[PDB]
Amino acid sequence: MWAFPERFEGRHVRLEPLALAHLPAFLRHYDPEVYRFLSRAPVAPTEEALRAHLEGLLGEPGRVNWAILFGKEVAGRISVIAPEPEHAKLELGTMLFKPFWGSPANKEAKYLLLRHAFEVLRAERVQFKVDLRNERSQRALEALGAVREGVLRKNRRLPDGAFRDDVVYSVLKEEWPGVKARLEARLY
């Protein structure tokens, strides 16, 4: 199994293990648009629904999550999803609260995880999955230099029964230096 650090310290953000103690931040910044392109989106603007969403993140097998601290606030979270040491690959996903969109929080959170994945664990592949209707995230991954591999059609079903398409992106280890350079240019 791969071991990850509990905490990361960046120039703009710091990361620490995501926990139930972070629930208050999710309750202080609830906005439907933030969860609309995520599976298991809070089913209602209530503490019970947001608690269920947070517990789902913390309970997915193999998933490792960090709260992203920006200044003195929790800006959102970043997740290592389905890490597979045997194939030297993993998936990464983030979610930021609306007020922090546009801040450097998301890029540095990714920068920090990607560096550990590629340089320390030496993963060969990191992938990202974005809802095809989520154009903001698609532009951000294209800006990061991630390669668009294609669209998994009807790859997830919503609770009302409708289906969503997942756009799959990846960064391979040989591509990390170039991606890393673009992230540093924008963060430092």
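One-based numbering along the sequence shown.
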Average Cα temperature factor in the PDB entry - higher stretch of 34-42, 51-59: 34-42
Quick one: say whether 95-103 or 74-82 has the higher mean Cα B-factor in the deposited entry. 95-103
If you compare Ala123, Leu132, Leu144, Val64, which has the highest Cα B-factor in the entry? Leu144
Relative to the other modelled residues in the chain, which third contains the C-alpha temperature factor of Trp2: lowest, middle or highest? middle
Which third, lowest, middle or highest, does the CA B-factor of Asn155 fall in along this chain? middle
Check where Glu9 lands among this chain's C-alpha B-factors and tell me if it's the lowest, middle or highest third. highest
Would you mind checking where the Cα B-factor of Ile68 ranks among the modelled residues of its chain, as the lowest, middle or highest third? lowest
